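Note sheet for the following structure.
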Amino acid sequence: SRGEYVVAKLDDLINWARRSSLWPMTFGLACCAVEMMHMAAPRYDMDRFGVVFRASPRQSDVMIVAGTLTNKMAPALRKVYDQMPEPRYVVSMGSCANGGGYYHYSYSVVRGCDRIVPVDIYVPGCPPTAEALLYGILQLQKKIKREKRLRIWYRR
Amino acid sequence: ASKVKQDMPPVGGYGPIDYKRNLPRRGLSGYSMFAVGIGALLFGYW
Amino acid sequence: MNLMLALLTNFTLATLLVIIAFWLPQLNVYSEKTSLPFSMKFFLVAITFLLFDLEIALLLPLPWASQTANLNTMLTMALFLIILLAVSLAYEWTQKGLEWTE
Amino acid sequence: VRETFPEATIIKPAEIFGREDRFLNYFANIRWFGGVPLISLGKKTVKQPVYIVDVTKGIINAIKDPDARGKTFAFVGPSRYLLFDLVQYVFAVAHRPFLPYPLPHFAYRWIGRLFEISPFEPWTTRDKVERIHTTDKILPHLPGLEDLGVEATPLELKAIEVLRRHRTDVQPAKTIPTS
Amino acid sequence: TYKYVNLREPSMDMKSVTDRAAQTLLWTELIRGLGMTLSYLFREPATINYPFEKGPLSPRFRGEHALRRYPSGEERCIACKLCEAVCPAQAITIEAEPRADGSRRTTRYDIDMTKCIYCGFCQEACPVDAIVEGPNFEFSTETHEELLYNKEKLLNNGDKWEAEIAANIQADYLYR
Amino acid sequence: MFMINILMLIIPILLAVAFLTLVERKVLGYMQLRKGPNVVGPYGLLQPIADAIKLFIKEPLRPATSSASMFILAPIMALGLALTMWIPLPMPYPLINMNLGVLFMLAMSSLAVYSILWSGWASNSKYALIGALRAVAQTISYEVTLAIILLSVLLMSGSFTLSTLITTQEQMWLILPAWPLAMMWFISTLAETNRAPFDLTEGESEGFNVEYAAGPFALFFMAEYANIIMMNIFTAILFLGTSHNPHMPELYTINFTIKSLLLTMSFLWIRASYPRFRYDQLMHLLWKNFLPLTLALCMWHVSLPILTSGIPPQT
Ligand SMILES: CCCCCCCCCCCCCCCCCC(=O)OC[C@H](COP(=O)([O-])OCC[N+](C)(C)C)OC(=O)CCCCCCCCCCCCCCCCC
Ligand SMILES: CCCCCCCCCCCC(=O)OC[C@H](COP(=O)(O)OCC[N+](C)(C)C)OC(=O)CCCCCCCCCCC
Ligand code: SF4
Ligand code: SF4
Ligand code: SF4
Numbered sequence: 061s062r063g064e065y066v067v068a069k070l071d072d073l074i075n076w077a078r079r080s081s082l083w084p085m086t087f088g089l090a091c092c093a094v095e096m097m098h099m100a101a102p103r104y105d106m107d108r109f110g111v112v113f114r115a116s117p118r119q120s121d122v123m124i125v126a127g128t129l130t131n132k133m134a135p136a137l138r139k140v141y142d143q144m145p146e147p148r149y150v151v152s153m154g155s156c157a158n159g160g161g162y163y164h165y166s167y168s169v170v171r172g173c174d175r176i177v178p179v180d181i182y183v184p185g186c187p188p189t190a191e192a193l194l195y196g197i198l199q200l201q202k203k204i205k206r207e208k209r210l211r212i213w214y215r216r
Numbered sequence: 003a004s005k006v007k008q009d010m011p012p013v014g015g016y017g018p019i020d021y022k023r024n025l026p027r028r029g030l031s032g033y034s035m036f037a038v039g040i041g042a043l044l045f046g047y048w
Numbered sequence: 001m002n003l004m005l006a007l008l009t010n011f012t013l014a015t016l017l018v019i020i021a022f023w024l025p026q027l028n029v030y031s032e033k034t035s049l050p051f052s053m054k055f056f057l058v059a060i061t062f063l064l065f066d067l068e069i070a071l072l073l074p075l076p077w078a079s080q081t082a083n084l085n086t087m088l089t090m091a092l093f094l095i096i097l098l099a100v101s102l103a104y105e106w107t108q109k110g111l112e113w114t115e
Numbered sequence: 191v192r193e194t195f196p197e198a199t200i201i202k203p204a205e206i207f208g209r210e211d212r213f214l215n216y217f218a219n220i221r222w223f224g225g226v227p228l229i230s231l232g233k234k235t236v237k238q239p240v241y242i243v244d245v246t247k248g249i250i251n252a253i254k255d256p257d258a259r260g261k262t263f264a265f266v267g268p269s270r271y272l273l274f275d276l277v278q279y280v281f282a283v284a285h286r287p288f289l290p291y292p293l294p295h296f297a298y299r300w301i302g303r304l305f306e307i308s309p310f311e312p313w314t315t316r317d318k319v320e321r322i323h324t325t326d327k328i329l330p331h332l333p334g335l336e337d338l339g340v341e342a343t344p345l346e347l348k349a350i351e352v353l354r355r356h357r358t368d369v370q371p372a373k374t375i376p377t378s
Numbered sequence: 037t038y039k040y041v042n043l044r045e046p047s048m049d050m051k052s053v054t055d056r057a058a059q060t061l062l063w064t065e066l067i068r069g070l071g072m073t074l075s076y077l078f079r080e081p082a083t084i085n086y087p088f089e090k091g092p093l094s095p096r097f098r099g100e101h102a103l104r105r106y107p108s109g110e111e112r113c114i115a116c117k118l119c120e121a122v123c124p125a126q127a128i129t130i131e132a133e134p135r136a137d138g139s140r141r142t143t144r145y146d147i148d149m150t151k152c153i154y155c156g157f158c159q160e161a162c163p164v165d166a167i168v169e170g171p172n173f174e175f176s177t178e179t180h181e182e183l184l185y186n187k188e189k190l191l192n193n194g195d196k197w198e199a200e201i202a203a204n205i206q207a208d209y210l211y212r
Numbered sequence: 001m002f003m004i005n006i007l008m009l010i011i012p013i014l015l016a017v018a019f020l021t022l023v024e025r026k027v028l029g030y031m032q033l034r035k036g037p038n039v040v041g042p043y044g045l046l047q048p049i050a051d052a053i054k055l056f057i058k059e060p061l062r063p064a065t066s067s068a069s070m071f072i073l074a075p076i077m078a079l080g081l082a083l084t085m086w087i088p089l090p091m092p093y094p095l096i097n098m099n100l101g102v103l104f105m106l107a108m109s110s111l112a113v114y115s116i117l118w119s120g121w122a123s124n125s126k127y128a129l130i131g132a133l134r135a136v137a138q139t140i141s142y143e144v145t146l147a148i149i150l151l152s153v154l155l156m157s158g159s160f161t162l163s164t165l166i167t168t169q170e171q172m173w174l175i176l177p178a179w180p181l182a183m184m185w186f187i188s189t190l191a192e193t194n195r196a197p198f199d200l201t202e203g204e205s206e210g211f212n213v214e215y216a217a218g219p220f221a222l223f224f225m226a227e228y229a230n231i232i233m234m235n236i237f238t239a240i241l242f243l244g245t246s247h248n249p250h251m252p253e254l255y256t257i258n259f260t261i262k263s264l265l266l267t268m269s270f271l272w273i274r275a276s277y278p279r280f281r282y283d284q285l286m287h288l289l290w291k292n293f294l295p296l297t298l299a300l301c302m303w304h305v306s307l308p309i310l311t312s313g314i315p316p317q318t
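Chains X, R, C, V, F and U are the protein sequences, given in the same order.
First residue of the first sequence: 61, per full-length UniProt numbering; consecutive thereafter.
First residue of the second sequence: 3, per full-length UniProt numbering; consecutive thereafter.
Heads up: the third sequence runs through residues 1 to 35, 49 to 115, numbered per full-length UniProt numbering.
Heads up: the fourth sequence runs through residues 191 to 358, 368 to 378, numbered per full-length UniProt numbering.
First residue of the fifth sequence: 37, per full-length UniProt numbering; consecutive thereafter.
Heads up: the sixth sequence runs through residues 1 to 206, 210 to 318, numbered per full-length UniProt numbering.
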């Protein structure tokens, strides 16, 4: 058939693989990390979607910024992001990472992790329930499923 | 003109709740664990 | 000839997977990244393994040695070697050689 | 562009160098094949590279400046270099062994053809070889960076930040005097 | 009153010393651990089949903020700013003026959902049950700007979730 | 027909490795009150394929290495030797019927320690090299008990041939007369393979493959998981011998395979039950507990056949 059709199936296969093996590196900085641990607990069992509990940063595909990002911690978070092999996604979890939350007007808080790294999914809550975070991971999987890396390459 | 109704324990209270450690004792004694172990070796050697 | 052909396949297959695993990723064309003090206890464990390994080389032919008619001599020499191997372990043990606290 | 949009502002920069440039990073990926092929031996080719931030700061000041409508600018670096001396400096800063050898002009075209058959971003092409070996024009009738309040950044000051990642007290390159 | 957790003397009679010798040599206590995890292998797992099954919640659950109406369609909010004055995160911004018919209504009612700490103080302080936290907890977005709600988003949430907000308020208004 | 035989050995090994990752993740899940992978494919059967594709199309991670040639040599050695340790195994008929098959497996497993050592050098990280030295020290230490324990079991078999362990156990499993050795042999295979409770290389808050991510890291993973199966197959042949009927060889393979799977499952069983040792504590386990007992049982197993008139045949 047309070249677009053939290169669209390969796009589906690689998109399927990447969203079926999302290995997260969790930056557990504050209370939002407890709800992240509850998403790995038996009730939600994130490992059954293919999302391993905790991968090393060099094996990781998605970074979950779960907690308050302070000025003192900002350069460390950027360094871990710069060392993530691609493709790499960032999930901002909770109000602190979203926009600073309860500490928005503090002298020592970065007003949203999206000033340091690019963010793909914002999960609202303080903390988001483990189910809300899971709903955000399944939304990132749906976002990977809509990628068109090969279509753009083909039509270049 | 009904009565006050709030969350209360049932009349007579709840039943007893266990809290003390309960690790049951299992297995044989040291003498009888070595007797079976040694006996297995002897049968194997034979 | 089978063993030679068996080793060639296993390492050729391993070699092929290594190279493609290094090159198959290098077609996504990703964006340009643009970004010890000697410990004497580790040496002692490596040396001790060597001297025990050399004793194991002398003990390896024991299965064949038990087929001889001089069993009284063979059993004495076999137990002598194993015992002397135990003495080495006893010596290092009592001289704080097996410890890891500095 | 000058006809459809008369009040446009045309910027004419030289080869821009920076972290993600294809100019200094181009003279650092000739190590897996041998020496450094060059038309002639880098002689008779004069380059005037310009820093990326200088070009960026120039474009910003053209938006704010009113007396830049319907005008053409020539953003060039402060110093001029010989392609041989320039490439020698790049390898010295990157601590790579420099083994320059000449190659015929037609011979360089063919290897350009070989490297442009790939479906990805070609390492080099026929057109790329021509542009690198073209001599940067001197148009003193066009206002440059100094006409927008931008001090051109010398290549020696900010070349280490680009070539740091290629490494596994450097003499500045000889420069053409203004005369 | 108090108790000692680790103040017992092990027996030194020959039987007890041999019972401890058997444990060391035959790994008996390490084999109870194996038995305790083999037990869990044959227990039913606690995992639920999300998103087809959901975790239980209660009428008090605090989720996405929303603006409500009277049964006549009139807005409940009369721009009093008690919610704005009590928001610990200062996430509510209100502006108001006399509506065309003289009513007291807001021209702006924004909630920065990335400042909000989802505490429910606003719905405690509202005298007319206008601003509430609905039961929704699945509104993750792909951009930071989608979480800065204005009066239209909040009124849309109220129309969208009124059927469920009203029943949650009816189930819990007698405790508050 | 021999080249077909090699592929009938290599390919199923890699598929057994591929689905051991799935089985490990579900077994741990059910011991942890979870479910494990059950979404990607029915019952998770497609999870291994998703991981493989994902890893081999991820961005290369290789940073500046001082011995790039050594960077490529380590995975080749690790995966070449892992497949090479299968060719003498009788199942029931070996691919390469060696007269010294037992020594061949010891020799090849004593070279896989180079993969650890070379990967530490080729990482240009002084803290990765320290990790490799610890991993090497643990491996060679427990190679001492594997050889002495193995030598003690051959004094009842009479030869280094792997196929003679089938004959030796035709009346009774060797575990019954040698269960003290089987206990220490089994734990040595854990420490040899760097599996919990001995996986101090995975002390995240307390590995040498960090410089490998995706691609080559996948190959190191396959080599390690291929050795777990091989070690547990070696354990079954050595202490749980299966009866061999020459006219029905497939009866041996079914029984032999079931034993080798249960032992492989028990590795997962153990990983779910215990915390891990400190580095010094797993050294003291070998040098001060196993080695004293192994030497004593080697003396006993040299003299026992002589004093009972039970010396086995040389042929
Ligand atoms: C007539 C007979 C003459 C011949 C008789 C010869 C045999 C006599 C009996 C010998 C005693 C038996 C020796 C058993 C080995 C003892 C090793 C030892 O040192 O233990 C103490 C060691 C050390 O004990 P410790 O840490 O408490 O300290 C001992 C020393 N002090 C107290 C001074 C510090 O313990 C261990 O080995 C535990 C290792 C961790 C194990 C974790 C995994 C557990 C998995 C359990 C399943 C195993 C199944 C095995 C079956 C496999 C089937 C293929
Ligand atoms: C010939 C080139 C090789 C690749 C062949 C195609 C494989 C990729 C498609 C699967 C993923 C997919 O499509 O995802 C899952 C799909 C449904 O996807 P959907 O929601 O309808 O997609 C919507 C559109 N998107 C994706 C662009 C957003 O489930 C299926 O019914 C697929 C099950 C049958 C798969 C059979 C595979 C056989 C090939 C084996 C050798 C490669
Ligand atoms: S968003 Fe809420 S739960 Fe999360 S870290 Fe901040 S205060 Fe804690
Ligand atoms: S729930 Fe709390 S943080 Fe959110 S708007 Fe109401 S008062 Fe403010
Ligand atoms: S929502 Fe309620 S508390 Fe807030 S301004 Fe309106 S009426 Fe007042």
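Built from N, CA and C at the ideal position, the CB exists for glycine as well.
| Query | Result |
| --- | --- |
| So for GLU112 of chain C, helix, strand or coil by DSSP? | coil |
| Put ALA64 of chain U into one of helix, strand or coil per three-state DSSP. | coil |
| Can you tell me whether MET90 of chain C sits near ligand 1, meaning its C-beta is under 7 Å from at least one heavy atom of the ligand? | no |
| Could you tell me whether the Cβ of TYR33 of chain R comes closer than 8 Å to any Cβ of chain F? | yes |
| Please tell me whether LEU298 of chain U and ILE60 of chain C are closer than 8 Å, where the distance is taken between their beta carbons. | no |
| Please state the DSSP three-state secondary structure of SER75 of chain F. | helix |
| Between the region 303–316 of chain V and the region 233–244 of chain V, do at least 3 Cβ pairs fall closer than 8 Å? | no |
| Mind pulling the beta strand (DSSP E) runs of 3 or more residues that sit fully within the region 288–357 of chain V? | 290–292 |
| Within this structure, are the beta carbons of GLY248 of chain V and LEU332 of chain V separated by less than 8 Å? | no |
| On the CB-based measure, 16 or more other CB atoms within 10 Å of its CB, does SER312 of chain U come out buried or exposed? | exposed |
| Determine the extent of the beta strand (DSSP E) in which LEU103 of chain F is found, giving its start and end residues. | 101–103 |
| Of the residues U:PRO94, U:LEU55, U:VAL17 and U:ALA64, which one's Cα is nearest the Cα of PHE2 of chain U? | U:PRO94 |
| DSSP three-state label for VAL40 of chain U, please. | coil |
| Where does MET225 of chain U land, buried or exposed, given buried means 16+ other C-beta within 10 angstroms? | buried |
| Tell me the DSSP secondary structure of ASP55 of chain F in three-state form. | helix |
| Cβ atoms of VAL58 of chain C and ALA229 of chain U: under 8 Å apart, would you say? | no |
| Run through the region 160–212 of chain F for me and flag every whole beta strand (DSSP E) of 3 or more residues, listed as ranges in chain order. | 167–169 |
| With a cut-off of 8 Å, does the C-beta of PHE45 of chain R fall near any C-beta of chain F? | no |
| What residues of chain V sit near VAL29 of chain C, judged by a beta carbon separation below 9 Å? | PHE310 and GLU311 |
| Taking 7 Å as the cut-off, is the beta-carbon of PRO187 of chain X closer than that to any non-hydrogen atom of ligand 4? | no |
| Confirm the yes/no value for this check: CB of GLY91 of chain F, any heavy atom of ligand 3, distance under 7 Å. | no |
| Apart from the five residues on each side of it in sequence, which residues of its chain come closer than 6 Å, Cβ to Cβ, to residue 217 of chain F? | This structure cannot settle anything about residue 217 of chain F, because the visible part of chain F is limited to 37 through 212. |
| Tell me the DSSP secondary structure of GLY131 of chain U in three-state form. | helix |
| Give me, in chain order, the residues of the same chain whose beta-carbon lies closer than 6 Å to that of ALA122 of chain U; leave out the 5 immediate sequence neighbours on both sides. | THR65, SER67, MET70 and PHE71 |
| Is the separation between the beta-carbon of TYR76 of chain F and that of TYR30 of chain U shorter than 8 Å? | yes |
| Can the beta-carbon of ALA190 of chain X be found less than 8 Å from the beta-carbon of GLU95 of chain X? | yes |
| If distances are taken between C-alpha atoms only, which option among V:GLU351, V:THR377, V:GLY339 and V:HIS323 comes closest to residue 177 of chain V? | Beyond the ends of chain V as shown, which are 191 and 378, falls residue 177 of chain V; an answer cannot be given. |
| Suppose contacts are defined by Cβ-Cβ distances below 8 Å. Is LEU300 of chain U in contact with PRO180 of chain U by that definition? | yes |
| Note down, in chain order, each residue of its chain lying with its Cβ closer than 7 Å to the Cβ of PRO37 of chain U, except the 5 sequence neighbours on either side. | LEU22, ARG25, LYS26, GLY44 and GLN47 |
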